[PDB]
Amino acid sequence: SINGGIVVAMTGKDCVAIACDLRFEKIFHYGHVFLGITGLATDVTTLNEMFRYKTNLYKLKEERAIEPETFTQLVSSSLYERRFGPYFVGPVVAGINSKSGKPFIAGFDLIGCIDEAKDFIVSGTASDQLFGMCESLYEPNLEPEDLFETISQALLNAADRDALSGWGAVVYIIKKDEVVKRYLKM
Amino acid sequence: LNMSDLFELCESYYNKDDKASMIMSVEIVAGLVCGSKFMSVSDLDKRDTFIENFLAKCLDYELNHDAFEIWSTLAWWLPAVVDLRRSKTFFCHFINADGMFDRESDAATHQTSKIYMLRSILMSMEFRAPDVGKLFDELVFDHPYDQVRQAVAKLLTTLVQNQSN
Amino acid sequence: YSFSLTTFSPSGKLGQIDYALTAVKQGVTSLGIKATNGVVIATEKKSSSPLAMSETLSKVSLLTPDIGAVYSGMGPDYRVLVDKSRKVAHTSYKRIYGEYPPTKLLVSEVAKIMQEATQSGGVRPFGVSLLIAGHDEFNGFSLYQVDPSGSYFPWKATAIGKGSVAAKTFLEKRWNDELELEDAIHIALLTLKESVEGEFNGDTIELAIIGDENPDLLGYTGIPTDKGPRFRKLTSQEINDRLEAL
Amino acid sequence: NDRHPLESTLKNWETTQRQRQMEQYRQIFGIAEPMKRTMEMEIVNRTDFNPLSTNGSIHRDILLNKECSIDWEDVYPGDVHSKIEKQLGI
Amino acid sequence: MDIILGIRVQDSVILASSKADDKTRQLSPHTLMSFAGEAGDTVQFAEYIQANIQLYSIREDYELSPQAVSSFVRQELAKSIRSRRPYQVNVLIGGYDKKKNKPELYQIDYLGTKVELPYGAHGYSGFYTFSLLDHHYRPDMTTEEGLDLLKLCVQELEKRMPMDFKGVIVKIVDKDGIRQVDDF
Amino acid sequence: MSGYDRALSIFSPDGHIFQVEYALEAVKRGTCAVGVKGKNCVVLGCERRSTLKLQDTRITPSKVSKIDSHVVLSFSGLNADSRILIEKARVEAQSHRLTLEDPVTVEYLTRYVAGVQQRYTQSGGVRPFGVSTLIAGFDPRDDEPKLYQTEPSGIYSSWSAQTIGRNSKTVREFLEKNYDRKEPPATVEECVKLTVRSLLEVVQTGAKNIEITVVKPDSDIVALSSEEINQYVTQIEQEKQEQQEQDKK
Amino acid sequence: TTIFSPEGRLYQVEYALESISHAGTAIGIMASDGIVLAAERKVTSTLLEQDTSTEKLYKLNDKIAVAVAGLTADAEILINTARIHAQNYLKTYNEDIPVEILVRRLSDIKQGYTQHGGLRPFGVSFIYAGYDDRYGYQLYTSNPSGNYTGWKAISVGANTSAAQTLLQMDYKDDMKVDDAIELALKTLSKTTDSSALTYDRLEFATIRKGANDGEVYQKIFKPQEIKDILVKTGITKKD
């Protein structure tokens, strides 16, 4: 129900990550592609319904699941359709090409301009505290366990250190043939 | 097998609730009456007393619509292929079937089935029917039910036709 | 209001579509072959006069940069389907997914257009059978046939038109599951050499391939991400050079 | 009103552009030309009913000169008895 | 006034709605909605929802889960705002899931924001109900403890707002379907 | 308009031998459907054709269809059509309340149904429905049982008992002898017993083929199960044995 | 032209029913713990692409499948409409579509194409399959008329009558999915016009539960998996 909240996304050697605020995850999945949406909670849920629909129909019509880059073009072209009255959101797609193995992260404004940073992505209000933390803690080509470590400490440090009893974070760590969802509490 | 092994097969297939099981019972009855040209005098008697009790159990109470279709099919088809005098109790069950002309009987559909089964037997024999002169004194032409009054009119038709040659 | 066409004949047949398959059966033959690393589609060009310039009558057509088409039947029916097929690829799929549709999704959409013409008052079914051939990252190379009914079929090889039964018998006799694109081109040139009504050379024959990407034909450099057209239409000199290797 | 400036214009754009074209053809070519063009469109629209397909028609795109052009309206589009009793009158 | 309160218990959902029409609609044998807001739009929206779930229940000879009625209510609430300036509406749906034997409670905002709850309120309340509920609330609370928590909650609301709200109607969904319970 | 009346031989106008007559032929070939009123109930009953051995009974539709909490519809003729005809009536009734703060009246559920059937007769090379229906129930705030029949032409009529479909002559003949309009069945049990006797004369085999729905005032709609109609069938068959053995000779 | 025969019967529906009576055989069987679908495919073409992903059998959503007898061009229009309705129900109610609601949905569209004279009817018969919590494993059939019926085992298309007789004598209410695998393969081998059954002539699928309590899984079998149930069953066209 809480409006806003933050999502963070990050690349490692053959792996991806998606951190998010709990206390209803912002982070959905459609097969191997993950979508963290920040913003108005009604638009986060309406977009979940809309992309679930579109991606189930895709899987039915095309005999295979929607790849991270294709899903990026679908989310941007769907968001653009809403041009005069958009979805009040910051979507963050992620996922590992099932035919290549390359990490992918992208994020968008409310009408679908594609960012495609090769390192990390942020979305939500007060992003630029986390943008500094994430630029400070990131390094290229991590293993999955260090990749979990850098994204989780970014979330903890940029966290409101005054209300850490109200805390809770979900970190999806996504690999080629495996996905682990760690819930994380203090 | 005995004859009675075929009287227990006929009994086992007679099942009011399944039309096809019920047909196989009436096909064994038809076979028992048709097979009469090959039967010995004691097997004849066994067949006649089995047929008497079997027909009485099937037809004297609680006839359903699918049973009436199968028995009306036998009543048309059987006299056209075997002489009903080969078996004392077959033509006798239909000609002497009780309450077949009782005006007070509210069982009018049952009574109509008896009249139409007898009519089918008399239509299938025609000028070879036995002395049915007792029927002319028994006919109602005054039944309260419309169904039993129209089986009587169609029966007088076949009785007049049987005399008319 | 007693209004429909292509109603059922008492033997369980659609009738008008049957007459539409007799128009297809009268056209100049076209054929298609799928190989291990590419595909081929081919046909003959029949001149109404030798004064006609058959550089203008293309029969083999680009639907998307990885998908080709060819027909047998009524060419006018085929010029109108090809331009709807092109519009469909862009409007239904490229403008939603930023990538072109597969050769099973575009064949379904072409077939949906031909089905709607059978189930209508006011319109006759199409007088064309279409061979659609192409490539996609997850399905790989594919060839399909579409008939006036709106029925579509995946084929390893096929032929349609006058010479089609003798072509399909040659295609069964010659096809094997390890063909390559230079092999399939030779088999297709051999098959049209039997079906040809007129003269056989690089000017009378249409031939296209969906093969490797050709980065020359993209017409701009700087973006390796964009591999460049798989669909290539053989030049009349290449056809004459391969017809010298025959 | 609170309603977007462009909304009523883009709602009626397809109708307005053809209605404006027919008036130019009346003016430059005379009443016969829009009388011909409206009757062709009437035959195409009225003889082409199929309750499960709403995606336009192939001959209407030839008639309207839309056979190689995409609008946002063609990439972003938007009961068989209810269709039947509208096509025939209730 | 137009207050709504909610205290779901181990084996029931308790919907309390302000006394005035109830502004709470029986959607089925085991589902209530309560609603609050701009009196024209909400009453008409609730009857549209009720007619669609009654039509489903007749057309199927079946019940609709408290989830499915709730997501239908959010989808129709959101779909009603796609040509309109948002009307003030809040929906509090409580029902009994007879295929899993759980009572369930949902809140929907004017923007169409589903939240699945232990307890909820709208219309005429601040942190006084929410603090009083969070201190006393338990996952296994009984219906009699729930009615006492609701009495504490209505007393806290009465003490802070001594004007006459004419008490509230309380209604319960459980194994036995809708029970209207007398409370004061 | 039919048979031997023919002036100077004859020739046909626009007239009788027509699509609606062939829809009436489709209705007569569909299973027997019956309804009888009582003092304070109405019972609708139907013939199932005897189910095939591989058919699935728990999901098989109840033939008598509830249109609303107080209205019930049964039919003979084409099933597919009756499914399309019940959908229109159900949404028409739910829409009635949503726009009139009033549940649909039984007479408005009969004028609407026959009314929509009449529009598919009138014109257009859209065919009429091969369906005839019984519509039964109660109005709200009343205790009078109602029972209507509708026909493919869009004609409708009120009956205190009626039958449609296969063999319905013989059933209507039995009802005219057993239903007294001065003293109708005074209790639900007798009303159900009368419908089971009425159907027992025309159904294929027995208790399998009958199925009944009882409507009562204040939305008390109640399908009877196989086991409940088996105890009615058995009681009626007991009374047949009792009547036969109470022969005096 | 959608006018009645003088018996009150529809000529076009009867002719569409003649068309599907040629259109290849399909069997469905409802075990105590899953549904089996199987269909026989007349591969008279060597160059037709077997190991194409579908022809007779299709997914409608994550727990519903169909078999088709009839025109595949007609079937694919209905199949897409059913897929759109399944996802539009899931979008509305957040819950997976009940099988009865979808099977009868396609039975209401197919009746409309039989009433209006501008439309020919659809030449298709569907043997639906699926799971939901309202009932459990359900097996339904629907035909060009818009009639639909619930079954424990059923055949459609060619050789229906021989297949129904073979089902009726071997079907048991308490059988397991592996017994329904065996039965559907036996039935088709005891019904086929082709000399013996083989993996490319056969389309197969199942609707089991698996090991994990929340699962229902719809394996539409690839050719190699069908070869394994063929060699296990004793149909076994094996080296």
# chains A, B, ... in the order shown; residues from 1 in each chain; ligands from 1

call {"tool": "residues_around", "arguments": {"residues": "residue 23 in chain A", "least_positions_apart": "4", "cutoff": "8 Å", "atoms": "only C-alpha atoms", "output": "PyMOL selection string"}}
result
chain A and resi 2+166-168

call {"tool": "select_by_dssp", "arguments": {"residues": "chain A", "states": "strand (DSSP E)", "output": "JSON, numbers by chain"}}
result
{"A": [7, 8, 9, 10, 11, 12, 15, 16, 17, 18, 19, 20, 21, 27, 28, 29, 33, 34, 35, 36, 37, 38, 39, 89, 90, 91, 92, 93, 94, 95, 96, 103, 104, 105, 106, 107, 108, 114, 115, 120, 121, 122, 123, 169, 170, 171, 172, 173, 174, 175, 178, 179, 180, 181, 182, 183, 184]}

call {"tool": "residues_around", "arguments": {"residues": "residue 19 in chain A", "least_positions_apart": "6", "cutoff": "7 Å", "atoms": "only C-alpha atoms", "output": "list in words"}}
result
residues 7, 8, 9, 151, 169, 170, 171 and 172 of chain A

call {"tool": "interface_residues", "arguments": {"of": "chain A", "to": "chain G", "cutoff": "12 Å", "atoms": "only C-alpha atoms", "output": "list in words"}}
result
residues 45, 46, 47, 48, 49, 50, 51, 52, 53, 54, 55, 56, 57, 58, 59, 60, 61, 62, 63 and 64 of chain A

call {"tool": "write_last_selection", "arguments": {"atoms": "N, CA and C atoms", "output": "mmCIF file, in the first residue's frame"}}
result
data_model
loop_
_atom_site.group_PDB
_atom_site.id
_atom_site.type_symbol
_atom_site.label_atom_id
_atom_site.label_comp_id
_atom_site.auth_asym_id
_atom_site.auth_seq_id
_atom_site.Cartn_x
_atom_site.Cartn_y
_atom_site.Cartn_z
ATOM 1 N N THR A 45 0.357 -2.427 -9.519
ATOM 2 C CA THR A 45 -0.556 -3.579 -9.633
ATOM 3 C C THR A 45 -1.286 -3.643 -10.974
ATOM 4 N N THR A 46 -1.707 -2.517 -11.544
ATOM 5 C CA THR A 46 -2.322 -2.473 -12.880
ATOM 6 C C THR A 46 -1.337 -2.880 -13.962
ATOM 7 N N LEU A 47 -0.066 -2.497 -13.841
ATOM 8 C CA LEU A 47 0.989 -2.932 -14.740
ATOM 9 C C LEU A 47 1.320 -4.401 -14.551
ATOM 10 N N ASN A 48 1.311 -4.920 -13.327
ATOM 11 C CA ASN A 48 1.453 -6.353 -13.106
ATOM 12 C C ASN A 48 0.353 -7.140 -13.831
ATOM 13 N N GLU A 49 -0.910 -6.760 -13.682
ATOM 14 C CA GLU A 49 -2.027 -7.372 -14.399
ATOM 15 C C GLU A 49 -1.847 -7.292 -15.919
ATOM 16 N N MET A 50 -1.491 -6.115 -16.421
ATOM 17 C CA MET A 50 -1.286 -5.856 -17.835
ATOM 18 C C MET A 50 -0.109 -6.644 -18.433
ATOM 19 N N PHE A 51 1.047 -6.696 -17.774
ATOM 20 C CA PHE A 51 2.181 -7.477 -18.258
ATOM 21 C C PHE A 51 2.006 -8.972 -18.059
ATOM 22 N N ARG A 52 1.333 -9.428 -16.997
ATOM 23 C CA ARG A 52 0.975 -10.839 -16.829
ATOM 24 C C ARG A 52 0.141 -11.298 -18.014
ATOM 25 N N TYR A 53 -0.915 -10.558 -18.348
ATOM 26 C CA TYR A 53 -1.780 -10.786 -19.506
ATOM 27 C C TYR A 53 -0.987 -10.859 -20.810
ATOM 28 N N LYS A 54 -0.283 -9.781 -21.156
ATOM 29 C CA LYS A 54 0.512 -9.686 -22.385
ATOM 30 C C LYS A 54 1.556 -10.792 -22.503
ATOM 31 N N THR A 55 2.203 -11.164 -21.403
ATOM 32 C CA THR A 55 3.278 -12.160 -21.397
ATOM 33 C C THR A 55 2.784 -13.604 -21.361
ATOM 34 N N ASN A 56 1.657 -13.892 -20.715
ATOM 35 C CA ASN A 56 0.973 -15.172 -20.845
ATOM 36 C C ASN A 56 0.512 -15.391 -22.293
ATOM 37 N N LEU A 57 -0.128 -14.389 -22.911
ATOM 38 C CA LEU A 57 -0.487 -14.445 -24.330
ATOM 39 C C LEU A 57 0.745 -14.610 -25.222
ATOM 40 N N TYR A 58 1.861 -13.948 -24.919
ATOM 41 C CA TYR A 58 3.110 -14.137 -25.655
ATOM 42 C C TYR A 58 3.593 -15.581 -25.579
ATOM 43 N N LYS A 59 3.668 -16.148 -24.374
ATOM 44 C CA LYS A 59 4.087 -17.536 -24.161
ATOM 45 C C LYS A 59 3.196 -18.526 -24.910
ATOM 46 N N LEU A 60 1.883 -18.300 -24.906
ATOM 47 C CA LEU A 60 0.919 -19.099 -25.658
ATOM 48 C C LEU A 60 1.124 -18.974 -27.170
ATOM 49 N N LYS A 61 1.197 -17.755 -27.695
ATOM 50 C CA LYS A 61 1.292 -17.494 -29.133
ATOM 51 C C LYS A 61 2.642 -17.883 -29.721
ATOM 52 N N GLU A 62 3.731 -17.749 -28.974
ATOM 53 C CA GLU A 62 5.096 -17.851 -29.500
ATOM 54 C C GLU A 62 5.877 -19.101 -29.067
ATOM 55 N N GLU A 63 5.282 -19.987 -28.269
ATOM 56 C CA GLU A 63 5.859 -21.273 -27.817
ATOM 57 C C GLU A 63 7.163 -21.181 -26.988
ATOM 58 N N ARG A 64 7.556 -19.991 -26.531
ATOM 59 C CA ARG A 64 8.745 -19.702 -25.708
ATOM 60 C C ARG A 64 8.500 -18.476 -24.822
#

call {"tool": "interface_residues", "arguments": {"of": "chain E", "to": "chain G", "cutoff": "12 Å", "atoms": "only C-alpha atoms", "output": "JSON, numbers by chain"}}
result
{"E": [53, 56, 59, 60, 61, 62, 63, 64, 65, 66, 67, 68, 69, 70, 71, 72, 73, 74, 75, 76, 77, 78, 79, 98, 99, 100, 114]}

call {"tool": "write_last_selection", "arguments": {"atoms": "N, CA, C and O atoms", "output": "CSV table (one decimal), in the first residue's frame"}}
result
chain,number,residue,atom,x,y,z
E,53,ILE,N,-21.7,-9.5,-9.5
E,53,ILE,CA,-21.5,-10.7,-8.7
E,53,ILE,C,-22.7,-11.6,-8.5
E,53,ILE,O,-22.6,-12.8,-8.6
E,56,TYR,N,-22.9,-13.4,-11.8
E,56,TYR,CA,-22.0,-14.5,-11.8
E,56,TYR,C,-22.5,-15.7,-11.0
E,56,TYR,O,-22.5,-16.8,-11.4
E,59,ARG,N,-25.4,-17.4,-12.8
E,59,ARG,CA,-24.9,-18.0,-14.1
E,59,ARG,C,-24.1,-19.2,-13.8
E,59,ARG,O,-24.1,-20.2,-14.6
E,60,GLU,N,-23.4,-19.3,-12.7
E,60,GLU,CA,-22.6,-20.5,-12.3
E,60,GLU,C,-23.3,-21.5,-11.3
E,60,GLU,O,-22.8,-22.6,-11.2
E,61,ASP,N,-24.3,-21.1,-10.6
E,61,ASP,CA,-24.8,-21.7,-9.4
E,61,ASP,C,-23.6,-21.9,-8.4
E,61,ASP,O,-23.5,-22.9,-7.7
E,62,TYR,N,-22.8,-20.9,-8.3
E,62,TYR,CA,-21.5,-20.9,-7.5
E,62,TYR,C,-21.2,-19.7,-6.7
E,62,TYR,O,-21.6,-18.6,-7.0
E,63,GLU,N,-20.3,-19.8,-5.7
E,63,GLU,CA,-19.7,-18.7,-5.0
E,63,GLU,C,-18.5,-18.2,-5.6
E,63,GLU,O,-17.8,-18.9,-6.3
E,64,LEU,N,-18.2,-16.9,-5.4
E,64,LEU,CA,-17.0,-16.2,-5.9
E,64,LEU,C,-16.1,-15.9,-4.7
E,64,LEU,O,-16.5,-15.3,-3.7
E,65,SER,N,-14.8,-16.4,-4.8
E,65,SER,CA,-13.9,-16.2,-3.6
E,65,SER,C,-13.8,-14.8,-3.2
E,65,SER,O,-13.9,-13.9,-4.0
E,66,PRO,N,-13.5,-14.5,-1.9
E,66,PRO,CA,-13.3,-13.1,-1.4
E,66,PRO,C,-12.2,-12.4,-2.2
E,66,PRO,O,-12.3,-11.2,-2.4
E,67,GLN,N,-11.1,-13.1,-2.6
E,67,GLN,CA,-10.1,-12.6,-3.6
E,67,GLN,C,-10.8,-12.1,-4.9
E,67,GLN,O,-10.5,-11.0,-5.3
E,68,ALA,N,-11.6,-12.9,-5.5
E,68,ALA,CA,-12.0,-12.7,-6.9
E,68,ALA,C,-13.0,-11.5,-7.0
E,68,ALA,O,-12.9,-10.7,-7.9
E,69,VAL,N,-13.9,-11.5,-6.0
E,69,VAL,CA,-14.8,-10.3,-5.9
E,69,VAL,C,-13.9,-9.1,-5.6
E,69,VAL,O,-14.1,-8.0,-6.2
E,70,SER,N,-12.9,-9.1,-4.7
E,70,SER,CA,-12.0,-8.0,-4.5
E,70,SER,C,-11.2,-7.5,-5.7
E,70,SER,O,-11.2,-6.3,-6.0
E,71,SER,N,-10.6,-8.4,-6.5
E,71,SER,CA,-9.9,-7.9,-7.7
E,71,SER,C,-10.9,-7.5,-8.8
E,71,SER,O,-10.5,-6.5,-9.4
E,72,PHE,N,-12.1,-8.0,-8.9
E,72,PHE,CA,-13.1,-7.5,-9.7
E,72,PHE,C,-13.4,-6.1,-9.3
E,72,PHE,O,-13.4,-5.1,-10.1
E,73,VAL,N,-13.7,-5.9,-8.0
E,73,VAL,CA,-14.0,-4.5,-7.4
E,73,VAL,C,-12.8,-3.5,-7.7
E,73,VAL,O,-13.1,-2.4,-8.2
E,74,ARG,N,-11.5,-3.9,-7.5
E,74,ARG,CA,-10.4,-3.0,-7.9
E,74,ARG,C,-10.4,-2.7,-9.4
E,74,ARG,O,-10.2,-1.6,-9.8
E,75,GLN,N,-10.6,-3.7,-10.3
E,75,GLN,CA,-10.5,-3.5,-11.7
E,75,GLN,C,-11.6,-2.6,-12.2
E,75,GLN,O,-11.4,-1.7,-13.0
E,76,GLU,N,-12.8,-2.8,-11.7
E,76,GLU,CA,-13.9,-1.9,-12.0
E,76,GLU,C,-13.8,-0.5,-11.4
E,76,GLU,O,-14.1,0.5,-12.1
E,77,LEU,N,-13.3,-0.4,-10.2
E,77,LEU,CA,-13.0,0.9,-9.6
E,77,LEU,C,-11.9,1.7,-10.5
E,77,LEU,O,-12.2,2.8,-10.9
E,78,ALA,N,-10.8,1.1,-10.8
E,78,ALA,CA,-9.8,1.6,-11.7
E,78,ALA,C,-10.4,2.0,-13.1
E,78,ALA,O,-10.2,3.1,-13.6
E,79,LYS,N,-11.1,1.1,-13.7
E,79,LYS,CA,-11.8,1.3,-15.0
E,79,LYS,C,-12.8,2.4,-15.1
E,79,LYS,O,-12.9,3.1,-16.0
E,98,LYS,N,-14.7,-20.4,1.5
E,98,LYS,CA,-15.2,-21.7,1.9
E,98,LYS,C,-14.4,-22.9,1.3
E,98,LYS,O,-14.6,-24.0,1.8
E,99,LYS,N,-13.6,-22.7,0.3
E,99,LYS,CA,-12.6,-23.7,-0.2
E,99,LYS,C,-11.3,-23.8,0.6
E,99,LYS,O,-10.6,-24.8,0.3
E,100,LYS,N,-11.0,-22.9,1.5
E,100,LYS,CA,-9.8,-23.0,2.4
E,100,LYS,C,-10.1,-22.8,3.9
E,100,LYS,O,-9.2,-22.9,4.7
E,114,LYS,N,-5.4,-2.4,-3.9
E,114,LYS,CA,-5.7,-3.5,-3.1
E,114,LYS,C,-4.7,-3.7,-2.0
E,114,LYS,O,-3.5,-3.7,-2.2

call {"tool": "residues_around", "arguments": {"residues": "residue 72 in chain F", "least_positions_apart": "6", "cutoff": "10 Å", "atoms": "only C-alpha atoms", "output": "PDB file with N, CA, C and O atoms, in the first residue's frame"}}
result
ATOM      1  N   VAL F  42     -44.737 -23.956  -6.982  1.00  0.00           N
ATOM      2  CA  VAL F  42     -44.777 -24.438  -8.366  1.00  0.00           C
ATOM      3  C   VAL F  42     -43.608 -25.392  -8.585  1.00  0.00           C
ATOM      4  O   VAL F  42     -42.499 -25.138  -8.126  1.00  0.00           O
ATOM      5  N   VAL F  43     -43.858 -26.535  -9.206  1.00  0.00           N
ATOM      6  CA  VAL F  43     -42.832 -27.530  -9.496  1.00  0.00           C
ATOM      7  C   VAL F  43     -42.675 -27.635 -10.994  1.00  0.00           C
ATOM      8  O   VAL F  43     -43.654 -27.785 -11.726  1.00  0.00           O
ATOM      9  N   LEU F  44     -41.439 -27.513 -11.452  1.00  0.00           N
ATOM     10  CA  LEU F  44     -41.047 -27.778 -12.822  1.00  0.00           C
ATOM     11  C   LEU F  44     -40.308 -29.103 -12.832  1.00  0.00           C
ATOM     12  O   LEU F  44     -39.506 -29.362 -11.942  1.00  0.00           O
ATOM     13  N   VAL F  64     -33.593 -27.684 -15.892  1.00  0.00           N
ATOM     14  CA  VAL F  64     -34.254 -26.554 -15.266  1.00  0.00           C
ATOM     15  C   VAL F  64     -33.189 -25.537 -14.821  1.00  0.00           C
ATOM     16  O   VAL F  64     -32.285 -25.851 -14.054  1.00  0.00           O
ATOM     17  N   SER F  65     -33.252 -24.319 -15.330  1.00  0.00           N
ATOM     18  CA  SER F  65     -32.256 -23.264 -15.136  1.00  0.00           C
ATOM     19  C   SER F  65     -32.825 -22.120 -14.316  1.00  0.00           C
ATOM     20  O   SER F  65     -33.857 -21.553 -14.655  1.00  0.00           O
ATOM     21  N   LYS F  66     -32.151 -21.734 -13.240  1.00  0.00           N
ATOM     22  CA  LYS F  66     -32.506 -20.564 -12.440  1.00  0.00           C
ATOM     23  C   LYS F  66     -32.108 -19.286 -13.180  1.00  0.00           C
ATOM     24  O   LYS F  66     -30.950 -19.126 -13.559  1.00  0.00           O
ATOM     25  N   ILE F  86     -31.411 -18.319 -22.174  1.00  0.00           N
ATOM     26  CA  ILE F  86     -31.396 -18.211 -20.681  1.00  0.00           C
ATOM     27  C   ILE F  86     -30.430 -17.084 -20.296  1.00  0.00           C
ATOM     28  O   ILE F  86     -30.747 -16.395 -19.348  1.00  0.00           O
ATOM     29  N   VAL F 106     -42.367 -12.114 -12.976  1.00  0.00           N
ATOM     30  CA  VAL F 106     -42.426 -13.372 -13.783  1.00  0.00           C
ATOM     31  C   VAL F 106     -43.052 -13.055 -15.149  1.00  0.00           C
ATOM     32  O   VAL F 106     -42.580 -13.626 -16.159  1.00  0.00           O
ATOM     33  N   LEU F 109     -40.562 -11.498 -17.356  1.00  0.00           N
ATOM     34  CA  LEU F 109     -39.513 -12.474 -17.744  1.00  0.00           C
ATOM     35  C   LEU F 109     -40.084 -13.359 -18.858  1.00  0.00           C
ATOM     36  O   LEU F 109     -39.280 -14.009 -19.552  1.00  0.00           O
ATOM     37  N   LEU F 134     -41.011 -23.358 -20.388  1.00  0.00           N
ATOM     38  CA  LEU F 134     -41.811 -23.032 -19.213  1.00  0.00           C
ATOM     39  C   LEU F 134     -41.031 -22.036 -18.362  1.00  0.00           C
ATOM     40  O   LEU F 134     -39.880 -22.292 -18.035  1.00  0.00           O
ATOM     41  N   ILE F 135     -41.663 -20.939 -17.970  1.00  0.00           N
ATOM     42  CA  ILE F 135     -41.130 -19.914 -17.077  1.00  0.00           C
ATOM     43  C   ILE F 135     -42.014 -19.886 -15.841  1.00  0.00           C
ATOM     44  O   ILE F 135     -43.218 -19.668 -15.937  1.00  0.00           O
ATOM     45  N   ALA F 136     -41.438 -20.108 -14.670  1.00  0.00           N
ATOM     46  CA  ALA F 136     -42.192 -20.256 -13.444  1.00  0.00           C
ATOM     47  C   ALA F 136     -41.482 -19.636 -12.259  1.00  0.00           C
ATOM     48  O   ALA F 136     -40.260 -19.523 -12.212  1.00  0.00           O
ATOM     49  N   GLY F 137     -42.269 -19.241 -11.283  1.00  0.00           N
ATOM     50  CA  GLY F 137     -41.770 -18.593 -10.099  1.00  0.00           C
ATOM     51  C   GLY F 137     -42.852 -17.808  -9.394  1.00  0.00           C
ATOM     52  O   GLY F 137     -44.041 -18.035  -9.599  1.00  0.00           O
ATOM     53  N   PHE F 138     -42.416 -16.871  -8.570  1.00  0.00           N
ATOM     54  CA  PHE F 138     -43.263 -15.960  -7.821  1.00  0.00           C
ATOM     55  C   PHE F 138     -42.805 -14.531  -8.082  1.00  0.00           C
ATOM     56  O   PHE F 138     -41.620 -14.273  -8.235  1.00  0.00           O
ATOM     57  N   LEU F 147     -46.711 -19.600 -13.779  1.00  0.00           N
ATOM     58  CA  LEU F 147     -46.262 -20.609 -14.737  1.00  0.00           C
ATOM     59  C   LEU F 147     -46.733 -20.231 -16.147  1.00  0.00           C
ATOM     60  O   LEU F 147     -47.922 -20.227 -16.447  1.00  0.00           O
ATOM     61  N   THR F 213     -37.404 -29.240  -9.985  1.00  0.00           N
ATOM     62  CA  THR F 213     -37.116 -28.059  -9.175  1.00  0.00           C
ATOM     63  C   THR F 213     -38.414 -27.527  -8.598  1.00  0.00           C
ATOM     64  O   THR F 213     -39.391 -27.341  -9.319  1.00  0.00           O
ATOM     65  N   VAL F 214     -38.423 -27.263  -7.302  1.00  0.00           N
ATOM     66  CA  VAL F 214     -39.553 -26.685  -6.591  1.00  0.00           C
ATOM     67  C   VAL F 214     -39.242 -25.228  -6.295  1.00  0.00           C
ATOM     68  O   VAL F 214     -38.237 -24.889  -5.676  1.00  0.00           O
ATOM     69  N   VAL F 215     -40.132 -24.350  -6.722  1.00  0.00           N
ATOM     70  CA  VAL F 215     -40.091 -22.932  -6.411  1.00  0.00           C
ATOM     71  C   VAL F 215     -41.158 -22.655  -5.377  1.00  0.00           C
ATOM     72  O   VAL F 215     -42.281 -23.146  -5.481  1.00  0.00           O
ATOM     73  N   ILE F 221     -35.912 -21.445  -3.670  1.00  0.00           N
ATOM     74  CA  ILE F 221     -35.737 -22.322  -4.869  1.00  0.00           C
ATOM     75  C   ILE F 221     -35.045 -23.610  -4.396  1.00  0.00           C
ATOM     76  O   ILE F 221     -34.126 -23.483  -3.555  1.00  0.00           O
TER      77      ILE F 221
END

call {"tool": "interface_residues", "arguments": {"of": "chain D", "to": "chain G", "cutoff": "10 Å", "atoms": "only C-alpha atoms", "output": "list in words"}}
result
residues 47, 48, 49, 50, 51, 52, 53, 79, 80, 81, 82, 83, 84, 85 and 88 of chain D

call {"tool": "interface_residues", "arguments": {"of": "chain B", "to": "chain F", "cutoff": "7 Å", "atoms": "only C-alpha atoms", "output": "PyMOL selection string"}}
result
chain B and resi 16-17+64-66+109

call {"tool": "write_last_selection", "arguments": {"atoms": "C-alpha atoms", "output": "tab-separated table (two decimals), in the first residue's frame"}}
result
chain	number	residue	atom	x	y	z
B	16	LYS	CA	-35.37	-52.20	-16.36
B	17	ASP	CA	-32.72	-49.44	-16.06
B	64	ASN	CA	-41.53	-48.71	-18.55
B	65	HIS	CA	-41.51	-46.90	-21.91
B	66	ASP	CA	-38.26	-48.51	-23.17
B	109	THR	CA	-50.96	-46.40	-20.12
